[PDB]
Structure formats: C-alpha cells, structure tokens
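Naming convention: chains lettered A, B, ... in sequence-line order (proteins, then strands); numbering from 1 in each chain.
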Amino acid sequence: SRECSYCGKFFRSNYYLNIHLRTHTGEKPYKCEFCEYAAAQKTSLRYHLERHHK
Amino acid sequence: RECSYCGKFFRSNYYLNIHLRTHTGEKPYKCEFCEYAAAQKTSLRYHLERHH
DNA sequence: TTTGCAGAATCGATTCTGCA
DNA sequence: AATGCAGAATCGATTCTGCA
Ligand SMILES: [Cl-]
Ligand SMILES: [Zn+2]
Ligand SMILES: [Zn+2]
Ligand SMILES: [Zn+2]
Ligand SMILES: [Zn+2]
Ligand SMILES: [Zn+2]
Ligand SMILES: [Zn+2]
Ligand SMILES: [Zn+2]
Ligand SMILES: [Zn+2]
C-alpha cells in the first residue's frame, strides 16, 4: 500500500512508504561503521558522517 | 558573560550559567514520567505537553 | 513502474530574549 | 543588578521530493 498505518499520510510509492515506516518502528538499517549510530534513511547517516567524523 | 566553549556573549551571568548546560549537558530539569532531562525549563515544558 | 540519488524543507526540540 | 517565567526565534537531524 501507500498509506501509513501509524500517521495516516499517503505516499507516492510503496517503496517510500516502507522507508517512511522505519520512522515509527525504530528500525534503522544504515549503521555507522565508526560509531554505534544508525539511521533510517541514507541521508541521515551521510550527514552524520560529514559532521561527527571529520 | 563570555562562554569559553563557543565564544558567544550573553546579557547576564545568570543566563551564561544556563547557556553552559547546552555544552556541559548538565540537565537539571527532570521528567517525572520518563528518563527525559533538559537544560532549560521551556524544553521540559514542551516535553510534558506532547508526551504526557 | 520501481528503485535510487541528492539536497532542500520540515518541524520537534532547543536556545534566546522581552519583560517583570 | 540578578533572577525568572514564558513565548518568539532559531536550529539541525531527519523526512520528503525533484529528478533520473
Ligand atoms: Cl542537576
Ligand atoms: Zn507515518
Ligand atoms: Zn511525497
Ligand atoms: Zn559515526
Ligand atoms: Zn568523534
Ligand atoms: Zn557556548
Ligand atoms: Zn518524559
Ligand atoms: Zn518523542
Ligand atoms: Zn536550518
């Protein structure tokens, strides 16, 4: 589907809905190699690298 | 009135002392419903309003 | 159509400031 | 002057979206 069971928002793809769901479940598949930081979305990890590891 | 972490200036020593918590992470405001702790009162107040 | 990059927008959480 | 409450202003870690 494309509607969130938690917050009711509708998304443009099933693909992004499933990414969006992590925000409510806690699931965070992108692990920082350098610390114990994890992120739901690639961009959060990328920012985390640029700012805490430099 | 000057902070030694960030160099910023403030209007008073009272507020400088509160400002330092943002760096030191001393968080005297404490939620009696979750392990949430804050440096400034407004943060604890916001926290109570939407969580509890 | 489904997946993905990339970076701007968002808005929760915090800091700053007007006034007492 | 020093303290303090309250909300305006700001910030930034994440979400969302133009594009491919
Ligand atoms: Cl304390
Ligand atoms: Zn949702
Ligand atoms: Zn969208
Ligand atoms: Zn890291
Ligand atoms: Zn580090
Ligand atoms: Zn400072
Ligand atoms: Zn709490
Ligand atoms: Zn929360
Ligand atoms: Zn910003």
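- In this structure, B:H19 does not reach the C:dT15 phosphate: none of its side-chain N or O atoms is under 4.0 Å from OP1 or OP2.
- Within the 4.5 Å cutoff, the side chain of B:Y29 has no heavy atoms near those of the B:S43 side chain.
- Residues A:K31 and A:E36 form no side-chain contact, since every pair of their non-hydrogen atoms from C-beta on lies 4.5 Å or further apart.
- When rounded to the nearest whole Å, the span between OH of B:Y46 and P of C:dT14 equals 10 Å.
- Taking atom CG on B:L20 and atom P on C:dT15, their separation rounds to 12 Å, with Å as the unit.
- One finds no side-chain N or O of B:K41 lying less than 4.0 angstrom from the OP1 or OP2 phosphate oxygen of D:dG4.
- Using a 4.5 Å heavy-atom threshold, the side chains of B:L44 and B:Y36 count as touching.
- Taking atom CD1 of A:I19 as the reference point, atom P of C:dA6 lies 14 Å away to the nearest angstrom.
- Atom CZ in B:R50 sits about 11 Å away from atom P in C:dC11, given to the nearest Å.
- Listed pair B:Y15 / C:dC16 meets the phosphate criterion, a side-chain N or O lying under 4.0 Å from OP1 or OP2.
- A side-chain donor from one of B:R50 and B:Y46 sits under 3.5 Å from a side-chain acceptor of the other.
- Remark: B:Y36 is in phosphate contact with C:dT14, judged by side-chain N or O atoms under 4.0 Å from OP1 or OP2.
- Under 3.5 Å, the side chains of A:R46 and A:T43 contain a donor-acceptor pair of N or O atoms.
- Listed pair A:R46 / C:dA6 meets the phosphate criterion, a side-chain N or O lying under 4.0 Å from OP1 or OP2.
- Among the protein residues, B:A38 comes within range of no part of the nucleic acid, since none of its heavy atoms lies under 4.0 Å from any strand.
- Closest to the side chain of B:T42, from the set C:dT14, C:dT3, D:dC16, is C:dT14.
- Follow the hydrophobic side-chain contacts under 4.5 Å out from A:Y6 and you reach A:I19 in the same cluster.
- Contacts of B:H23 with the nucleic acid, taken as non-hydrogen atoms under 4.0 Å apart, are absent.
- Ring orientation note: the planes of B:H47 and B:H51 are tilted relative to one another, at an angle of 30° to 60°.
- Taking side-chain N and O atoms only, A:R51 has no distance below 4.0 Å to OP1 or OP2 of D:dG12.
- Remark: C1' of D:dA13 and CG of A:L49 are 13 Å apart, rounded to the nearest angstrom.
- In this structure, A:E27 atom CD and D:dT15 atom P are separated by 12 Å, rounded to whole Å.
- Considering only side-chain N and O atoms, A:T23 lies under 4.0 angstrom from the phosphate OP1 or OP2 of D:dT15.
- With rounding to whole Å, A:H52 atom NE2 is found 17 Å from D:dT14 atom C1'.
- Using a 4.0 Å cut-off, some side-chain N or O of A:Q41 falls inside it from OP1 or OP2 of D:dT15.
- Considering only the side chain of A:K9, D:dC16 comes nearest among D:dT15, C:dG4, D:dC16.
- By the neighbour-count criterion of 12 heavy atoms within 6.0 Å, atom CD of B:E49 is sparsely surrounded, having that number or fewer from other residues, nucleotides or ligands.
- Considering only side-chain atoms of B:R11, the nucleotide from D:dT17, C:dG12, C:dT17 that sits closest is C:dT17.
- A close approach under 4.0 Å does not occur between any side-chain nitrogen or oxygen of B:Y14 and OP1 or OP2 of D:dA2.
- Counting only Watson-Crick and G-U wobble pairs whose two distances sit under 3.5 Å, DNA chain D takes part in these stems of three or more pairs: C:3-20 with D:3-20.
- As a whole-Å value, the separation of B:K27 NZ from C:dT14 P is 7 Å.
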